[PDB]
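One-letter residues, chain by chain:
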Amino acid sequence: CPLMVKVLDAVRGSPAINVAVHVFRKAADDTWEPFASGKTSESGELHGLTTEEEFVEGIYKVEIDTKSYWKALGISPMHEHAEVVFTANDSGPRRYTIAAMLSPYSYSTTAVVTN
Amino acid sequence: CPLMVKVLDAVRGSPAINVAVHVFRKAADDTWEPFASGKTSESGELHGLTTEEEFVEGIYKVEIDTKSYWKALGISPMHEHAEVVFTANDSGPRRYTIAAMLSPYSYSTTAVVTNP
Amino acid sequence: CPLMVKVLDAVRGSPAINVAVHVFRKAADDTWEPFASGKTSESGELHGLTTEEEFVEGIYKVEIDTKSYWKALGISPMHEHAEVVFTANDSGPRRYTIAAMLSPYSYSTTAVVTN
Amino acid sequence: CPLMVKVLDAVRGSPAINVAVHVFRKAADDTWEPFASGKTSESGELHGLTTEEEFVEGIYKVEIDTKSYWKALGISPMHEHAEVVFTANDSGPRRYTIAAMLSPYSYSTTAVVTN
Ligand SMILES: [Zn+2]
Ligand SMILES: [Zn+2]
Ligand SMILES: [Zn+2]
Ligand SMILES: [Zn+2]
Ligand SMILES: [Zn+2]
Ligand SMILES: [Zn+2]
Ligand SMILES: [Zn+2]
Ligand SMILES: [Zn+2]
Ligand SMILES: [Zn+2]
Ligand SMILES: [Zn+2]
Ligand SMILES: [Zn+2]
């Protein structure tokens, strides 16, 4: 995958499973154009979002749906998504794994960018 | 302070000093409208951004400039900003502190929301 | 303060208040000698742990008590403490803030080391 | 795998490759006894550390060597290790993945525990 997204639930110590993810690419105007979407697997991963040729250079936003992920815990999170923006392929071709460790009011997110 | 932003450099273990912070609010033509801005202090803190009156319920984005903050390190970051989005005042008025611990390819943020 | 510890609850979005903190300094024998302790304030902070005189060069462990912090959420955490180890004043005189953002199965810590 | 460790370099945005990891278990005399060790792969991962039968309930410390990992960056880190302590299995046999996103003066760890 040129791009994969990993989501972990830092409250329960588990992959975040069957969580909706939206990817956008910043358009000519300021706007976020829909790029790819899906839901995480049993390992918290979302594979197969894009291909090398559709994954052109640009600014990408990854939005992970969180609003009600937390509901069973009794907590409303800081925002209905966890989002991370990254600038891609601006020096040539690269695989990106976006790793998110999520809590209702905190998250850590790392971009692992390889050959 | 209804809204405070605190920025830490996780690479050198210090406050991120004199860093530009721009706050936006989602405008409902769905664009981000400029809301407040400032530069972090010697303690990495940014106070005085808004007033309990301007600071209504809504969706806010805190954009921390990092385009060149890493330059002396010789690393170009994952993105030219660090952004944190939060929904405010979904249930009455609150003080928000957005704490961002930053690295070039990572970051950890917690929103601390107090009722005072 | 030569040493202060600040604890945030990443689940609830609030300072972690009245939480026990233990500080140790590594002895001659590999043993952790107790150094200072307390409970966090209403701001999640623990001030007044040490004096610049008592804060001699060495390896320090900060242990934040988390075992039952989470009890009301119905979650038992990964460990009964959140712990961070740092090597101190290896160059002169310096003030440390140890900042911990805590969830049951994740934490982020950073050492802010000044002047 | 009962215990897997995955290390990411949060400064460069890559897997931390060929990094030494030592695992310890809290022993009878309150010391840390050596329990397993290895080096991270090209994916930042360390598999094969232990066996279901070796990995009994207890308190485990994962120590990641970071003494010179940062040297080329010109920064000496907060400590010569990144250590994560967890209380294993405390409810029956589980698989553990300890994910550590590392910077010189910070870190985020997450324990993923799966049944
Ligand atoms: Zn894949
Ligand atoms: Zn969605
Ligand atoms: Zn959003
Ligand atoms: Zn800006
Ligand atoms: Zn203020
Ligand atoms: Zn941006
Ligand atoms: Zn303790
Ligand atoms: Zn103090
Ligand atoms: Zn070691
Ligand atoms: Zn394995
Ligand atoms: Zn150590």
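Residues numbered from 1 in each chain as written, not as in the entry; some residues may be left out. Chains lettered and ligands numbered in written order. Heavy atoms only, no water.

### So, the overall build of chain A
Logical step 1: Along chain A, the regular secondary structure elements total zero helices and nine strands.
Logical step 2: When the elements of chain A are put in sequence order from the N terminus, they spell out β-β-β-β-β-β-β-β-β.
Logical step 3: Projected onto its principal axes, the C-alpha positions of chain A cover 45 × 30 × 20 Å.
Logical step 4: Scored against the burial criterion, the 115 residues of chain A give a buried share of 57%.
Logical step 5: Intrachain contacts of chain A at a sequence separation of at least 6 include 58% that bridge at least 24 residues.
Logical step 6: About 4,800 Å² of surface is accessible on chain A, with carbon and sulfur atoms providing 48% of the total.
Logical step 7: Averaging the positions of the 10 positive and the 15 negative side-chain charges in chain A gives two centres separated by 5 Å. (Helix = DSSP H or I, 4+ residues; strand = E, 2+ residues; numbered from the N terminus. Buried < 20%, exposed > 50% of the residue type's maximum accessible area, 1.4 Å probe, protein only. Contact = heavy atoms within 4.5 Å. Areas by Shrake-Rupley, 256 points an atom, 1.4 Å probe, with all protein chains shown as cover. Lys, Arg positive; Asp, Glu negative; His and termini not counted. Charge placed at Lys NZ, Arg CZ, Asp CG, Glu CD.)

### Topic: the nonpolar core
Logical step 1: The biggest cluster of nonpolar side chains holds 125 residues, and the ones touching the most others in it are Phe 86 of chain A, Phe 86 of chain B, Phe 86 of chain C together with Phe 86 of chain D.
Logical step 2: Setting aside anything within four residues of it in sequence, one finds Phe 86 of chain D in contact with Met 78 and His 79 of chain C together with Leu 3, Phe 55, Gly 58, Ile 59, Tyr 60, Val 62, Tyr 96 and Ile 98 of chain D.
Logical step 3: Among the nonpolar cores identified, the runner-up in size contains seven residues, and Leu 8, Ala 99 and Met 101 of chain B together with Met 101 of chain C belong to it. (Core = buried A, V, L, I, M, F, W, Y, C linked by side-chain atoms within 4.5 Å.)

### Topic: the coordination of the zinc ion (ligand 8)
Residues and elements named next belong to chain C.
Logical step 1: Distances from the zinc ion (ligand 8) to its protein donors, namely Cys 1 (SG) and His 47 (ND1), fall within the range 2.0 to 2.5 Å. Taken as a pair, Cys 1 in the segment before β1 (3–9) and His 47 in the loop between β5 (45–46) and β6 (58–65) lie far apart in primary sequence, 46 residues in all.
Logical step 2: For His 47, a relative accessible area of 44% puts it in the partly exposed group. (Donors = N, O, S within 2.8 Å, 3.2 Å for Na, K, Ca; no water.)

### Some words on the side chain of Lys 61 of chain A
Residue and element names in this part refer to chain A.
Logical step 1: Mapped onto the elements of the fold, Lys 61 is located in strand β6 (residues 58–65).
Logical step 2: Here the side chain of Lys 61 touches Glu 63 through a polar contact of 3.3 Å, side chain to side chain.
Logical step 3: Setting aside residues no more than four positions away along its own chain, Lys 61 makes contact with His 22, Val 23, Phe 24, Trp 32, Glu 83, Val 84 and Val 85. (Polar contact = N/O pair within 3.5 Å; in protein donor to acceptor, adjacent residues only side chain to side chain.)

### Quick look at the interface of chain A and chain B
Logical step 1: With 18 residues of chain A at the contact, the number on the chain B side is 18 residues.
Logical step 2: Summed over both partners, the interface of chain A with chain B buries about 1,600 Å², with 47% contributed by carbon and sulfur atoms.
Logical step 3: Our enumeration of links across chain A and chain B arrives at zero salt bridges.
Logical step 4: Joining chain A to chain B, the criterion identifies 16 residue pairs in polar contact.
Logical step 5: When contributions to the side of chain A that touches chain B are tallied by element, the ones reaching two or more residues are β7 (81–88) and β9 (106–114) of chain A.
Logical step 6: Top contributing element to the side of chain A that touches chain B by residue count: β9 of chain A, with seven residues.
Logical step 7: Along the lines of polarity and charge, the residues of the side of chain A that touches chain B split into nine nonpolar, seven polar and two charged.
Logical step 8: Sheet analysis places β9 of chain A next to strand β9 (residues 106–114) of chain B, joined by five bridges and oriented antiparallel. When the bridges of β9 of chain B are listed, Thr 110 of chain A appears paired with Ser 106 of chain B. (Buried area = accessible area lost by both parts, 1.4 Å probe. Salt bridge = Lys/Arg side-chain N within 4 Å of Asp/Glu carboxyl O. Nonpolar A, V, L, I, M, F, W, Y, C, P; charged D, E, K, R; others polar. Pairing = 2+ DSSP bridges.)

### As for the packing of aromatic side chains
Geometrically, a pair of aromatic rings is defined through the distance of the ring centres and the angle of the planes.
Logical step 1: Per the stated rule, a full pass over the model turns up 33 aromatic pairs over all chains.
Logical step 2: For the ring pair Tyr 60 of chain C and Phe 86 of chain C, a centre distance of 5.8 Å and an interplane angle of 25° mean the geometry is stacked. Separated by 26 residues along the polypeptide, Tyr 60 of chain C in strand β6 and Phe 86 of chain C in strand β7 (residues 81–88) bring together distant segments of the chain. Comparing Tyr 60 of chain C with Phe 86 of chain C, the two get one shared label, buried.
Logical step 3: For the pair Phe 55 of chain D and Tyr 96 of chain D, a centre-to-centre distance of 5.7 Å together with 85° between the ring planes defines the contact as edge-to-face. With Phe 55 of chain D in the loop between β5 (45–46) and β6 (58–65) and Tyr 96 of chain D in strand β8 (residues 95–103), the pair connects residues that are 41 residues apart, well separated along the chain.
Logical step 4: For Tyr 96 of chain D, a relative accessible area of 4% corresponds to the buried category. (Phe/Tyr/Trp six-rings, centres within 6.5 Å; stacked < 30°, edge-to-face > 60°.)

### With respect to unusual backbone geometry
Negative phi characterises most residues that are not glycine, and trans characterises most peptide bonds.
Logical step 1: Not every positive phi belongs to a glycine, and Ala 28 of chain B is a case in point at roughly 85°.
Logical step 2: Residue placement: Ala 28 of chain B occurs in the loop between β3 (20–26) and β4 (32–39).
Logical step 3: On the accessibility criterion, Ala 28 of chain B (64% relative accessible area) is exposed.
Logical step 4: Within the chain, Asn 18 of chain C stands out as a residue other than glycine whose phi angle is a positive 60°.
Logical step 5: With respect to the secondary-structure elements, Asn 18 of chain C resides in the loop between β2 (14–15) and β3 (20–26).

### With respect to the UniProt feature "binding site: L-thyroxine" in chain B
Logical step 1: Within this structure's numbering, the places UniProt gives as "binding site: L-thyroxine" are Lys 6, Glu 45 and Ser 108 of chain B.
Logical step 2: Relative to the helices and strands, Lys 6 of chain B is located in strand β1 (residues 3–9).
Logical step 3: Judged by its relative accessible area of 14%, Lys 6 of chain B falls in the buried class.
Logical step 4: In this structure, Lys 6 of chain B is in contact with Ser 43, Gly 44, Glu 45, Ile 98, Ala 99 and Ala 100 of chain B together with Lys 6 of chain C, ignoring residues within four places of it in sequence.
Logical step 5: At a separation of 3.3 Å, a polar atom in the side chain of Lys 6 of chain B contacts the side chain of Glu 45 of chain B.
Logical step 6: In this structure, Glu 45 of chain B is in contact with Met 4, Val 5, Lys 6, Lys 39 and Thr 40 of chain B, ignoring residues within four places of it in sequence. (UniProt positions renumbered as here; feature names shortened; annotations may be inferred.)

### A short note on the sheet that holds β6 of chain D
Residue and element names in this part refer to chain D.
Logical step 1: Read from one edge to the other, the open sheet built from four strands follows the order β4-β3-β6-β7, with strand pairing classed as antiparallel. What marks the edges here is a single partner per strand, and that holds for β4 (32–39) and β7 (81–88). Pairs of neighbouring strands in the sheet enclose a mean axial angle of 20°, with direction left out of account.
Logical step 2: In this structure, β6 lies alongside β7, joined through eight bridges in antiparallel fashion. Its bridge partner lying in β7, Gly 58 is registered against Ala 88. (Axes fitted to C-alpha atoms, helices over the stretch in contact; angles between N-to-C directions.)

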